[PDB]
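Residue numbering restarts at 1 for every chain, and letters A, B, ... go by the order of the sequence lines. Computed from heavy atoms alone, side chains included, the values below leave out hydrogens, waters and symmetry copies.
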Amino acid sequence: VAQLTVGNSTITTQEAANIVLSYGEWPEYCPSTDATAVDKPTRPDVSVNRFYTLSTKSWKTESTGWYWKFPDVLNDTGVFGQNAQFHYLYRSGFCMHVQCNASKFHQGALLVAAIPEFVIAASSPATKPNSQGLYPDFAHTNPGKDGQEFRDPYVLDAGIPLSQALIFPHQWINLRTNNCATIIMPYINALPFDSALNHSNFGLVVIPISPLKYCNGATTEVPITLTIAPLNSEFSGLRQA
Amino acid sequence: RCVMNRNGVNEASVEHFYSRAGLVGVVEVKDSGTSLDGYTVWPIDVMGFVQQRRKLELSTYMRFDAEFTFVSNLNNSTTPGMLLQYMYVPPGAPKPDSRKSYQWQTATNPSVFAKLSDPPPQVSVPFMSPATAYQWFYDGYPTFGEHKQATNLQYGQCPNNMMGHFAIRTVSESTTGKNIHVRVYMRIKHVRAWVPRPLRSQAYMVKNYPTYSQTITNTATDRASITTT
Amino acid sequence: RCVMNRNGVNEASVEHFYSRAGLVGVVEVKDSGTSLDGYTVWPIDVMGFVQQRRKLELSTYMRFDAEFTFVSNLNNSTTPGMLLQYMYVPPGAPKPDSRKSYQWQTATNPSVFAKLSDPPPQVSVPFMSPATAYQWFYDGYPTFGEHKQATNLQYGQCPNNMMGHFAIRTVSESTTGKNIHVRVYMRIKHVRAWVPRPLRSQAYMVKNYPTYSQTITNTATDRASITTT
Amino acid sequence: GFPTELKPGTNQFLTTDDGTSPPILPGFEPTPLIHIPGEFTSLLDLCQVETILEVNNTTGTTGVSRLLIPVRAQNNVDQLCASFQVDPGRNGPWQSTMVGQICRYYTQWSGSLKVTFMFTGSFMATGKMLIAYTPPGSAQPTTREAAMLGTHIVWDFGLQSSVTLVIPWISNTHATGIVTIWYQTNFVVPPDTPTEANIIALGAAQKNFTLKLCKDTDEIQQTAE
Amino acid sequence: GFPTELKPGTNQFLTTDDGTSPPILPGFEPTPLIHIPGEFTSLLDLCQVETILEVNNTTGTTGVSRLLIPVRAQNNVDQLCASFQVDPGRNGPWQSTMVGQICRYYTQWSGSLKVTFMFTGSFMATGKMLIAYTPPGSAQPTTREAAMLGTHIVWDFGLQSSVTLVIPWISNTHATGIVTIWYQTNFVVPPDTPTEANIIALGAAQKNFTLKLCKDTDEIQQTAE
Amino acid sequence: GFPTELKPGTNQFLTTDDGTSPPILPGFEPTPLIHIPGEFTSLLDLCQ
C-alpha cells in the first residue's frame, strides 16, 4: 500500500500497480501537426492532470451497473472542466481507478471495461417512425459526472452482448481476490483532436456480473469509487465567454 | 471427423475477412409506368444489409478503398445496347434531381458511360473521409451547442462517413419505357480496422442507430438444464 | 468540424484545375423530320458553357493539347450499329455543306470512322494556334486599318484561338430517319497558363464578348449592417 | 496490333476477383493515415480474447444471470454442478463468446481452446470443485469418480479463485468434448457469509486456433430494417 | 495470339481517366513554346495574393463603396467599427477576394489566412483601432474590452497606415472565426482635415493554405447565353 | 491503349486447351499434402 500524489490530490492505493494498458498504448502527446504547428496546443500540468475522485456509487444487490462517458464525465469538474468548456479542440488519455470497499463477507464480481465510442442505444417497445423512443436522451448519452445506471446491462445498453465486452480493455473486480481496477486509456479517435463537449471518446462501464451478496448485518451497499486522472491532455482554441 | 492439422492464418486476417465484393445496394432506374424518372441516385451505404453492417461493426474505425461494380440489366435479365451514365457524386457535391439536370454535366463528378451490353463497369473509390478512418460508432453529436432536443436524433451519426452518391441514368432524351435494375457490388480494399467490438447480438431495428427492441433476445440458445448436453 | 492537417498541394495545380474531360458541346446529327441533313459541323469551342468559360478566363494565355471523346447515341439512348464519320476539319480547311459533300473525302481532314455500338471514339488534338498560346483575352483588333466601325464588332476577337471543326455524319447513302445526339467531351492536357486574371463576376451576356448587363451585381451578398454576422 | 485472343472467362464478373479498377478521383489525396491505438489485423487475435460463456443458458434464466454458474451449499456431494460442450461454432453456451461468434463466420476451424473459471463467492467461502474435460466421442461422466478418472482439475476455490482448463483440440468442421463441473467437496462457509456463489466461465481460443472458408453468419437475419 | 481477358470496365468512358488517345494530326509540329512572363502553375499562388475584402457588403452600398470600411469621428468610443467572419468559401465579404473565389472551386480547404488593413485617411488624422480576431466556436465580442482580452491588435493608424492580422486556421469543410474592428480611441484630426476616413481590408491565404476536391463553382449560372 | 488484334480462335472453348482460369476462392489454402504410400504417376507402371 502506498500514496500516489499527483498535484494537490493524494489517493490511497496498493502497490504492484496491476494496471490494464488499453491496447498496449501509453497516452502520449500528439506529435505537432500542421494545425498545431501554428497554435502550439496547451499541455496543462498536474494542475489539470490530477486525480479526480467522483461521487461513489453504491453497489447494491439489484444494481445493474454504471457507465461514464469520459470526455463528458469531467466537463463540469474543476480546471479540467474549465479547459474542456473553453477550448475548441481537446485530446487526452485517462487513468481510471475503480475501487470497491467491501468486507471479506461481501461477494460479487464487477466487469470494469473501457469501451471506445460507447454509443448508447435506445430500447424501443416497437419500431415507430423516427420517434423519441428511437434515440437516447442527452441524460443517457452524456450522463455527466454522476454516471448512468444501466437499463439492460446484458446488452450494454448498446445491442452488443455483455459477455463479449471483454474484447475491450477490461479488468475484473472479484471481491474475494481484489477490489481495485486500473485501466489506462490513451486518446483513441479518428482525429488528432476533437470537441470535448460533443464527442465522448469512450465510456467506462462498471457492471456487476456476479450480483452483490451478503448476509444480514453486513453493509447493504458496497461503495464503488471512481478516480480519474487525465494523462497527456491537450487543448486548443481557447475561448473567453 | 477431426482435423488434426492447422488451417491457414491468412483466411482470418482482417483484409480477407472484408474481401469478396458483395451486394451493397439494388437500385432501379425507373423509366416506365407511373415513374418516368429515367434516373436514380444511390447514396453509397456500406451498411445497407444487416449482414455487412454486423461484419463492419466488428470494428470501431475502418479505413479502406472501395471498388464498385455495377451489374445492370432489364427486368427480363436482357442487356440491350442502352447507354447508361454512372455518375459518382462526391461528398459535398449536389446530386441530380431530373433526368436532364445540369448536374449530369458537372465535370468534377466522375462519370462512367457504359452500355448494358458491356461488362459491368467497375471503378475504385478512394478513402473519402475527412477523418483518418470511417467511424461505425460515433459517441457524440456532430452539431455544436446543447443537445436537449426532444427527439434526440443526430446522436451517434458521424458526418465523416459520407462516401458520396452514385447517380445512374439512361442517356436518353425522353422516357425509354424500360426499367433498369442496377446491382451495386462493393469490394473493400486495403482495409485497416481499429478497436474491435462485440458482434451485434440484438436484431437491428433501424438504420444508422443501434436501437434494439425491448424484448431482449438471449445470446445463447436455451437448454433444458445447466447439466444437460 | 476542423481539419488540423494540410491537404495536398497537387489538387490546386493548374494542370489538375483544368483536368477531368467535360462536356464542351452537344450536337445533333439530324436526319429525320424537317431536317434531313444527315450531318452536322461543330466548331471546336472550349467556351461553350459559362462554367468552363469562367474557369478558362482565370488565365490570359493558355497552351494545351486536347483529347476529344464523342459519346453518340440515338434519342432513346440506344446505340445501333450505325457507322459514323467524325471528321476533324483543321483550321483553314473548308467544312462540309452536305451529307455527301466532297469535303468528306479530303484526306488532309483527319477522319474517325466508328459505329454507335463501339466505345466512344477518342482523339488528341494538338495545340493548333499560330501563336505560342491561346488568348482568352485579346485587347486589339485582328483587322488592319482604322476601326471606327459603328457597331465595333471584331474587337477583342483573337483569330489564333481557332482549333477547327468536328464535322460528324452518318455514312449513309440517303436519309436514315434517325437523329443522333453526339456529346463532345474535351480533356485539357499539358495545360500551361499565363497572367492570372480575376474570375468573372458579372453574368455572361453573349459569347466571344465580355459584355455585361447595365445592372451591376455585387460580388458579395448583402448584409444587414457592417457589424452583423 | 499486338495479337491477342480472348479466352473463356472474359467479360465475367467474379465478385471475388482481386482485379484492378481505375480510380474515379485520380490525384485525390485521401486523409493521411495517422496512428490510432488498437488496430487488429487478424480475427484470431479476437478469438484468443477470453469472453464470458453463457453456461447458464437455461429456460427462464434471463439477462446477466445466464452468464453465472450458480454454486450453492449442496445437500449431496459429488453432484454435477454444470456441464457444457466445447463447441464454439454451435448453438449453446459458446454463442456468447467472441470465438464462438467468429466461428460462425467460418466453415471449418480447429485448435486448442482455453476455459477459465472465476469463483465469485466471499473470501471466507471455501471448497473444492472438480473441473473435468471429456474428450470427443465419449459421453459426459455420470459420477464424480468417472470424471476424476479422466482429464480433470481439482479446483480448490478457497485457495485460488481462478483456474484455467486448456481443451487440447476441438476441430468442428462444416462429436465434441464436454466440460463438467462437480462438487468435489461441500460449499464451506463460516457464519454470516452467503452460502451460494457463482462461477463465471470464460472461453477463448489458443494461438494454434485457425479458421477457414469465410461464410456469412446466420446469427443475424435481414428483415424490413 | 497473346491470351488476354477483358475485365470489367472495358468500353467505359470515365471522363476523368488520363488515357492515351492517338493524335489526329501526327507529324504536326505545334507552334514552338516561347517564354511568356507571368506563368502560374498553382491556384494556391493566386490564393496567396491579397485582394480587397468587400467588408461593406451592406444593403444600399453600391460599387466601390462596398470595398471601404467607413471610419468617422465617433460620438462614443469603444464602438464596433466593422466585423466580418473569416470564411473565404462562404457568401459574404470574402466573395470579392481571389482566395474566396478559388475556394468556391473546391470542396475542402484549410490553412492560415492573412488580413491586411489599410487606413486611407489624411496624413494628419490619427487614432487607434482595435483589430480583434475571435477563434471559431466563440461569438463575436460585444464590447471592446472583451475583444481586447482575446487575440487583438491595437492599431495606431497615426503611426502606421497598414497592419496585417494573421488568422491561424480556418478549415471550412463541405463554425468560423470573426474579425472585429473597434474604435480604441476617437478619430483625432487637426482643423481643416476630413473627419471621416476609410479602411481597406485585404484578404489572402498563407503558404500553408491548401485546397481539395475540385468542384464546379456556383458563382456562375448557365442561361441562354 | 496497347494495340492488339483478335486473331481467329478467340472466344472458342477447346476442352483440351491448358488455359489459366481465375480461382473462385483466392486465398483459400487447401488441405496440405501429406505423404500417402502407393502414388502412381504413369499408367505404364500399371501395365507392367
Side-chain angles (χ1 to χ4, degrees), chain A residues 163-164 166-167 170 172 174 177, chain B residues 2-7 9 12 220 226 229, chain D residues 42-55 67 69 71 80-90 92-103 106 108-120 128-141 144 146-157 159-173 175-184 199-212:
Chain A
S163 42
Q164 307 179 29
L166 287 84
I167 201 63
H170 73 284
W172 286 97
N174 187 8
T177 178
Chain B
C2 164
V3 197
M4 205 36 244
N5 55 266
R6 300 82 203 161
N7 319 110
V9 84
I226 202 176
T229 52
Chain D
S42 146
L43 294 212
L44 293 184
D45 293 337
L46 313 192
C47 297
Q48 297 168 29
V49 175
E50 259 158 7
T51 40
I52 304 169
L53 278 158
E54 200 166 310
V55 176
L67 306 176
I69 300 169
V71 169
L80 182 63
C81 165
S83 67
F84 56 94
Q85 329 189 235
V86 188
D87 54 337
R90 286 168 42 186
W94 286 86
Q95 286 185 264
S96 71
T97 49
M98 176 63 64
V99 56
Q101 286 298 325
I102 290 181
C103 285
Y106 285 82
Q108 317 176 20
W109 56 86
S110 62
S112 48
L113 306 180
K114 83 159 81 66
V115 176
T116 307
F117 299 88
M118 286 182 40
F119 179 71
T120 69
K128 292 178 184 292
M129 310 293 283
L130 198 139
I131 315 296
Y133 166 67
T134 302
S138 290
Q140 81 168 31
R144 181 216 60 91
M148 177 266 301
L149 292 176
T151 288
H152 73 296
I153 295 178
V154 183
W155 174 29
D156 193 316
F157 52 83
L159 291 184
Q160 51 176 352
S161 45
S162 204
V163 75
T164 309
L165 173 66
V166 177
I167 279 78
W169 205 258
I170 40 156
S171 187
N172 276 130
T173 321
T176 179
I178 301 175
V179 164
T180 43
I181 305 172
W182 299 87
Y183 288 92
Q184 172 55 58
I199 296 184
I200 300 175
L202 306 92
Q206 300 275 54
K207 313 196 317 317
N208 61 0
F209 188 88
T210 53
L211 297 152
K212 197 187 179 191

Classify the side-chain pair D/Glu50/D/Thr116 by whether it contains a donor and acceptor separated by less than 3.5 Å.
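The criterion, which ignores hydrogens and geometry beyond distance, is satisfied for D/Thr116 and D/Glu50.
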Checking D/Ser110 against B/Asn5: is there a side-chain donor and acceptor pair closer than 3.5 Å?
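The answer is no; no qualifying pair exists.
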When rounded to the nearest 0.5 angstrom, what is the spacing between CD in D/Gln101 and CG in D/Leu46?
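Atom-to-atom, D/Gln101:CD and D/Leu46:CG are 12.5 Å apart.
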Name each donor-acceptor pair under 3.5 Å that joins a side chain in residues 132-140 of chain D to protein atoms two or more places apart or in another chain, with its distance.
unit_1	atom_1	unit_2	atom_2	d
D/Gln140	OE1	D/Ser83	OG	3.2

Do you know the tightest heavy-atom contact between D/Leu80 and D/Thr180?
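Residues D/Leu80 and D/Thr180, closest heavy atoms: CD1-CB, 3.7 Å.
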If every non-hydrogen atom of B/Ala12 is compared with every non-hydrogen atom of D/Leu211, which pair is closest and at what distance?
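Taking every non-hydrogen atom into account, CB-CD1, 4.1 Å.
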Test side chain to side chain donor-acceptor pair (under 3.5 Å) applied to D/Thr51 - qualifying residues, sequence neighbours left out
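Checked D/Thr51 against side chain to side chain donor-acceptor pair (under 3.5 Å); zero matches.
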Not counting sequence neighbours, which residues clear salt bridge (charged side-chain N to carboxylate O under 4.0 Å, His left out) with [X]? List them please.
{"X": "D/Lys128", "result": "D/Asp156"}
{"X": "D/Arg90", "result": "D/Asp87"}
{"X": "D/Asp45", "result": "none"}

[Y] side chain reached by [X] side chain, heavy atoms, under 4.5 Å:
{"X": "D/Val99", "Y": "D/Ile102", "value": "no"}
{"X": "D/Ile167", "Y": "D/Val179", "value": "yes"}
{"X": "D/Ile170", "Y": "D/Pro88", "value": "yes"}
{"X": "D/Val49", "Y": "D/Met98", "value": "no"}
{"X": "D/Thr120", "Y": "A/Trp172", "value": "no"}

Please list, chain by chain and in numerical order, all residues satisfying ring pair (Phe, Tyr, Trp, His ring centres under 6.0 Å) with D/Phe84, sequence neighbours excluded.
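D/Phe84: no ring pair (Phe, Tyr, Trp, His ring centres under 6.0 Å) contacts found.
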Determine, stepwise, if the pair D/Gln48 / D/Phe209 fulfils side chain to side chain contact (heavy atoms under 4.5 Å, CB included).
CA-CA 8 Å; D/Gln48 297 168 29; D/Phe209 188 88; 5.8 Å; no
Would you call the rings of D/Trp155 and D/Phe117 parallel, tilted or perpendicular if under 30° counts as parallel and over 60° as perpendicular?
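Answer is tilted, since the angle falls between 30° and 60°.
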